[PDB]
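The next block is work28.txt, given as compact mmCIF, C-alpha atoms.
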# COMPACT_ATOMS: atom_id res chain seq x y z
CA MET A 438 -3.20 -22.03 -8.30
CA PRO A 439 -1.19 -20.00 -10.84
CA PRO A 440 -0.01 -16.61 -9.47
CA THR A 441 -2.01 -14.21 -11.52
CA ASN A 442 -0.85 -10.63 -11.77
CA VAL A 443 -3.94 -8.72 -10.82
CA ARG A 444 -4.06 -5.05 -9.90
CA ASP A 445 -5.43 -5.80 -6.50
CA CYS A 446 -2.48 -4.50 -4.69
CA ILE A 447 -2.08 -1.05 -3.35
CA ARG A 448 0.99 0.86 -2.30
CA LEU A 449 0.55 3.24 0.54
CA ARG A 450 3.22 5.82 0.86
CA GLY A 451 3.98 8.40 3.43
CA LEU A 452 2.79 6.41 6.44
CA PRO A 453 3.42 7.81 9.96
CA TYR A 454 6.25 6.75 12.11
CA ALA A 455 4.95 3.73 13.85
CA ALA A 456 1.44 3.70 12.47
CA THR A 457 -0.07 0.71 14.14
CA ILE A 458 -2.02 -2.13 12.55
CA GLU A 459 -5.38 -0.84 13.78
CA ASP A 460 -4.40 2.69 12.81
CA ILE A 461 -3.78 1.58 9.25
CA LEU A 462 -7.12 -0.30 9.26
CA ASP A 463 -8.89 2.89 10.33
CA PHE A 464 -7.19 4.71 7.50
CA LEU A 465 -8.38 2.07 5.08
CA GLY A 466 -11.92 2.10 6.34
CA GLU A 467 -14.29 -0.38 4.82
CA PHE A 468 -11.58 -1.37 2.36
CA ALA A 469 -9.85 -3.17 5.22
CA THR A 470 -12.81 -5.50 5.19
CA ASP A 471 -11.95 -6.83 1.67
CA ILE A 472 -8.22 -7.24 2.30
CA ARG A 473 -6.72 -10.59 1.29
CA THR A 474 -5.45 -12.85 4.04
CA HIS A 475 -2.14 -11.27 5.23
CA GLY A 476 -2.36 -8.92 2.28
CA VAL A 477 -0.87 -6.11 4.34
CA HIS A 478 2.91 -5.95 4.06
CA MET A 479 4.70 -2.98 5.52
CA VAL A 480 8.04 -2.14 4.01
CA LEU A 481 10.72 -1.86 6.62
CA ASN A 482 13.89 0.09 6.17
CA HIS A 483 17.50 -0.78 7.26
CA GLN A 484 16.73 0.19 10.84
CA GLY A 485 13.93 -2.40 10.90
CA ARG A 486 11.31 0.30 11.09
CA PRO A 487 8.69 1.30 8.45
CA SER A 488 9.93 3.07 5.35
CA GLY A 489 6.54 4.72 5.15
CA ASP A 490 5.75 2.42 2.30
CA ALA A 491 3.31 -0.42 2.56
CA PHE A 492 1.72 -2.75 0.14
CA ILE A 493 -1.69 -4.14 0.73
CA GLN A 494 -3.30 -6.70 -1.41
CA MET A 495 -7.04 -6.71 -1.47
CA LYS A 496 -9.28 -9.45 -2.67
CA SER A 497 -10.72 -7.48 -5.47
CA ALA A 498 -8.95 -5.29 -8.01
CA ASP A 499 -11.92 -3.01 -8.23
CA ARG A 500 -11.87 -2.40 -4.52
CA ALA A 501 -8.13 -1.79 -4.74
CA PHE A 502 -8.72 0.83 -7.41
CA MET A 503 -11.50 2.39 -5.37
CA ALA A 504 -9.26 2.45 -2.30
CA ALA A 505 -6.39 3.95 -4.28
CA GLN A 506 -8.68 6.60 -5.61
CA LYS A 507 -10.27 7.26 -2.24
CA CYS A 508 -6.96 7.35 -0.47
CA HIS A 509 -4.92 9.01 -3.23
CA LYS A 510 -3.29 11.51 -0.88
CA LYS A 511 -5.63 11.21 1.99
CA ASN A 512 -5.11 12.83 5.35
CA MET A 513 -4.25 10.20 7.85
CA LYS A 514 -4.53 11.82 11.26
CA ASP A 515 -2.01 14.59 10.63
CA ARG A 516 -0.06 13.13 7.72
CA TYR A 517 -0.89 12.82 4.08
CA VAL A 518 -0.61 9.37 2.79
CA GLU A 519 -0.58 8.96 -0.89
CA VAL A 520 -2.02 5.66 -1.91
CA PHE A 521 -1.58 4.23 -5.41
CA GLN A 522 -2.91 1.05 -6.99
CA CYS A 523 -0.45 -1.59 -8.11
CA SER A 524 -0.23 -5.02 -9.47
CA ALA A 525 1.16 -8.10 -7.80
CA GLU A 526 4.15 -7.70 -10.15
CA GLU A 527 4.64 -4.06 -9.12
CA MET A 528 4.41 -5.05 -5.49
CA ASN A 529 7.09 -7.70 -5.86
CA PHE A 530 9.13 -5.38 -8.01
CA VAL A 531 9.28 -2.71 -5.34
CA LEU A 532 9.83 -5.29 -2.59
CA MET A 533 12.72 -6.85 -4.54
CA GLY A 534 14.04 -3.44 -5.18
CA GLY A 535 13.74 -3.52 -8.91
CA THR A 536 15.46 -1.08 -11.19
CA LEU A 537 13.46 2.12 -11.37
CA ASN A 538 14.76 4.70 -13.77
CA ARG A 539 14.75 8.20 -12.43
CA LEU A 540 17.16 10.65 -13.97
CA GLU A 541 17.29 12.82 -10.91

Would you write out, as structure tokens, the structure that this file holds?
Amino acid sequence: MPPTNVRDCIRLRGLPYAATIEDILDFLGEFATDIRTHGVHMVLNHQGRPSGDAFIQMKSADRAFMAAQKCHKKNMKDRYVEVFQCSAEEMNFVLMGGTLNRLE
């Protein structure tokens, strides 16, 4: 099956320190029900602990958009997690640590 770049991926950002797998599912709500098999990838930092970034690939791009809209800076317990939709390419790009231009 050819890897198709669909915008079915979502980047969560600002996740709590040690937000658990069920905790993140709660946060997702019903959107966790349409997640692709092992679609949830948490980004770890040097220490081997979450960067606060996570990428979740859902089955459907429409659901991903809906989730990214629903959770675009949503209050997760006591934190605000800003969720943004992404493509498979964007997901890999951030995971690979692609060149992101920010003159700051």

Just checking: using all atoms listed in the file, which residue out of A:498, A:540, A:503, A:520 ends up closest to residue A:443?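 Closest candidate: A:498.
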
Any idea what the distance is between atom CA of residue A:506 and atom CA of residue A:521?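 Distance reported for this atom pair: 7.5 Å.
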
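Closest approach to residue A:461 among A:532, A:480, A:513, A:525 is made by A:513 (distances from only C-alpha atoms).
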
So what do you get for atom CA of residue A:526 versus atom CA of residue A:449, distance-wise? 15.7 Å

Given the point (-12.5, -6.6, -0.6) in the coordinates of this file, which residues lie within 8 Å, counting all atoms listed in the file, and how would they look as a count of residues only? 11

Å distance separating atom CA of residue A:464 from atom CA of residue A:444, one decimal place: 20.2 Å

Of the candidates A:530, A:538, A:516, A:504, which one gets nearest to residue A:466 if we count all atoms listed in the file? A:504

Mind dumping a table of every stretch 468-526 of chain A residue within 10 Å of stretch 452-457 of chain A, with the nearest atom pair and its distance in Å to one decimal, using all atoms listed in the file, sorted by chain and rising number, as CSV?
residue,atom,partner,partner_atom,distance
A:479,CA,A:452,CA,9.6
A:486,CA,A:455,CA,7.7
A:487,CA,A:454,CA,7.0
A:488,CA,A:452,CA,8.0
A:489,CA,A:452,CA,4.3
A:490,CA,A:452,CA,6.5
A:491,CA,A:452,CA,7.9
A:513,CA,A:452,CA,8.1
A:514,CA,A:453,CA,9.0
A:515,CA,A:453,CA,8.7
A:516,CA,A:453,CA,6.7
A:517,CA,A:452,CA,7.8
A:518,CA,A:452,CA,5.8
A:519,CA,A:452,CA,8.5
A:520,CA,A:452,CA,9.7

Kindly save the residues from that selection, with C-alpha atoms included, as a CSV table (one decimal), keeping the file's coordinate frame.
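Output (part12.csv):
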chain,number,residue,atom,x,y,z
A,479,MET,CA,4.7,-3.0,5.5
A,486,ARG,CA,11.3,0.3,11.1
A,487,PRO,CA,8.7,1.3,8.4
A,488,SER,CA,9.9,3.1,5.4
A,489,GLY,CA,6.5,4.7,5.2
A,490,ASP,CA,5.8,2.4,2.3
A,491,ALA,CA,3.3,-0.4,2.6
A,513,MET,CA,-4.2,10.2,7.8
A,514,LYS,CA,-4.5,11.8,11.3
A,515,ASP,CA,-2.0,14.6,10.6
A,516,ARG,CA,-0.1,13.1,7.7
A,517,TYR,CA,-0.9,12.8,4.1
A,518,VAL,CA,-0.6,9.4,2.8
A,519,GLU,CA,-0.6,9.0,-0.9
A,520,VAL,CA,-2.0,5.7,-1.9

Pick the closest to residue A:534 from A:512, A:440, A:482, A:467: which is it, counting all atoms listed in the file? A:482

Nearest to residue A:478 by atom-to-atom distance, counting all atoms listed in the file, from A:438, A:493, A:537, A:465: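 Result for the nearest residue to residue A:478: A:493.
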
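The smallest atom-to-atom distance between residue A:446 and any of A:510, A:522, A:459, A:477, using only C-alpha atoms, is found for A:522.
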
Could you give me stretch 486-522 of chain A completed to N, CA and C atoms, formatted as a CSV table (one decimal), in the coordinates of the input?
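The resulting file, rebuild_3.csv, is shown below:
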chain,number,residue,atom,x,y,z
A,486,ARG,N,12.5,-0.5,10.8
A,486,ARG,CA,11.3,0.3,11.1
A,486,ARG,C,10.7,0.7,9.8
A,487,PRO,N,9.4,1.0,9.7
A,487,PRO,CA,8.7,1.3,8.4
A,487,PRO,C,9.3,2.4,7.6
A,488,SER,N,9.4,2.1,6.3
A,488,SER,CA,9.9,3.1,5.4
A,488,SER,C,8.9,4.1,5.1
A,489,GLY,N,7.6,3.8,5.4
A,489,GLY,CA,6.5,4.7,5.2
A,489,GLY,C,5.8,4.2,4.0
A,490,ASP,N,6.3,3.1,3.4
A,490,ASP,CA,5.8,2.4,2.3
A,490,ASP,C,5.1,1.2,2.8
A,491,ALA,N,4.0,0.8,2.2
A,491,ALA,CA,3.3,-0.4,2.6
A,491,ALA,C,2.6,-0.9,1.3
A,492,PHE,N,2.4,-2.2,1.2
A,492,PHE,CA,1.7,-2.8,0.1
A,492,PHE,C,0.6,-3.6,0.7
A,493,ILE,N,-0.6,-3.4,0.3
A,493,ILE,CA,-1.7,-4.1,0.7
A,493,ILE,C,-2.4,-4.8,-0.4
A,494,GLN,N,-2.6,-6.0,-0.4
A,494,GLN,CA,-3.3,-6.7,-1.4
A,494,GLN,C,-4.7,-7.0,-1.0
A,495,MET,N,-5.7,-6.5,-1.7
A,495,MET,CA,-7.0,-6.7,-1.5
A,495,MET,C,-7.5,-7.9,-2.3
A,496,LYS,N,-8.7,-8.3,-2.0
A,496,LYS,CA,-9.3,-9.4,-2.7
A,496,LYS,C,-9.7,-9.1,-4.1
A,497,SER,N,-10.2,-7.9,-4.2
A,497,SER,CA,-10.7,-7.5,-5.5
A,497,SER,C,-9.9,-6.3,-6.0
A,498,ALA,N,-9.7,-6.3,-7.3
A,498,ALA,CA,-9.0,-5.3,-8.0
A,498,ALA,C,-9.7,-4.0,-8.1
A,499,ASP,N,-11.0,-4.2,-8.1
A,499,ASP,CA,-11.9,-3.0,-8.2
A,499,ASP,C,-11.9,-2.2,-6.9
A,500,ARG,N,-12.0,-3.0,-5.9
A,500,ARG,CA,-11.9,-2.4,-4.5
A,500,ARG,C,-10.5,-1.7,-4.3
A,501,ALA,N,-9.5,-2.4,-4.8
A,501,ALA,CA,-8.1,-1.8,-4.7
A,501,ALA,C,-8.1,-0.5,-5.5
A,502,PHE,N,-8.7,-0.4,-6.6
A,502,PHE,CA,-8.7,0.8,-7.4
A,502,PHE,C,-9.5,1.9,-6.7
A,503,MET,N,-10.6,1.5,-6.1
A,503,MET,CA,-11.5,2.4,-5.4
A,503,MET,C,-10.8,2.9,-4.1
A,504,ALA,N,-10.0,2.1,-3.5
A,504,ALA,CA,-9.3,2.4,-2.3
A,504,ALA,C,-8.1,3.4,-2.7
A,505,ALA,N,-7.5,3.1,-3.8
A,505,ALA,CA,-6.4,4.0,-4.3
A,505,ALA,C,-6.9,5.3,-4.8
A,506,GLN,N,-8.1,5.4,-5.2
A,506,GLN,CA,-8.7,6.6,-5.6
A,506,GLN,C,-9.1,7.4,-4.4
A,507,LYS,N,-9.7,6.7,-3.5
A,507,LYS,CA,-10.3,7.3,-2.2
A,507,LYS,C,-9.1,7.8,-1.4
A,508,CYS,N,-8.1,7.0,-1.3
A,508,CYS,CA,-7.0,7.4,-0.5
A,508,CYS,C,-5.8,7.9,-1.2
A,509,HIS,N,-6.0,8.4,-2.5
A,509,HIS,CA,-4.9,9.0,-3.2
A,509,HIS,C,-4.7,10.4,-2.6
A,510,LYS,N,-3.7,10.4,-1.7
A,510,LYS,CA,-3.3,11.5,-0.9
A,510,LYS,C,-4.4,11.9,0.0
A,511,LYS,N,-4.6,11.1,1.0
A,511,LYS,CA,-5.6,11.2,2.0
A,511,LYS,C,-5.0,11.6,3.3
A,512,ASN,N,-5.7,12.4,4.1
A,512,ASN,CA,-5.1,12.8,5.4
A,512,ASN,C,-5.3,11.8,6.4
A,513,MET,N,-4.3,11.2,6.9
A,513,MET,CA,-4.2,10.2,7.8
A,513,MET,C,-3.8,10.8,9.1
A,514,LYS,N,-4.8,11.2,10.0
A,514,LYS,CA,-4.5,11.8,11.3
A,514,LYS,C,-4.0,13.2,11.1
A,515,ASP,N,-2.7,13.3,10.8
A,515,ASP,CA,-2.0,14.6,10.6
A,515,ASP,C,-1.1,14.5,9.4
A,516,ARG,N,-1.0,13.4,8.8
A,516,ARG,CA,-0.1,13.1,7.7
A,516,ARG,C,-0.9,12.9,6.5
A,517,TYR,N,-0.2,13.1,5.3
A,517,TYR,CA,-0.9,12.8,4.1
A,517,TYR,C,-0.3,11.6,3.5
A,518,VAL,N,-1.0,10.6,3.3
A,518,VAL,CA,-0.6,9.4,2.8
A,518,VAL,C,-1.1,9.2,1.4
A,519,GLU,N,-0.2,9.1,0.5
A,519,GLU,CA,-0.6,9.0,-0.9
A,519,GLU,C,-0.6,7.5,-1.3
A,520,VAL,N,-1.8,7.0,-1.6
A,520,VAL,CA,-2.0,5.7,-1.9
A,520,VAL,C,-2.2,5.5,-3.4
A,521,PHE,N,-1.6,4.5,-4.0
A,521,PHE,CA,-1.6,4.2,-5.4
A,521,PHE,C,-1.8,2.8,-5.7
A,522,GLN,N,-2.6,2.4,-6.7
A,522,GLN,CA,-2.9,1.0,-7.0
A,522,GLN,C,-1.7,0.4,-7.7
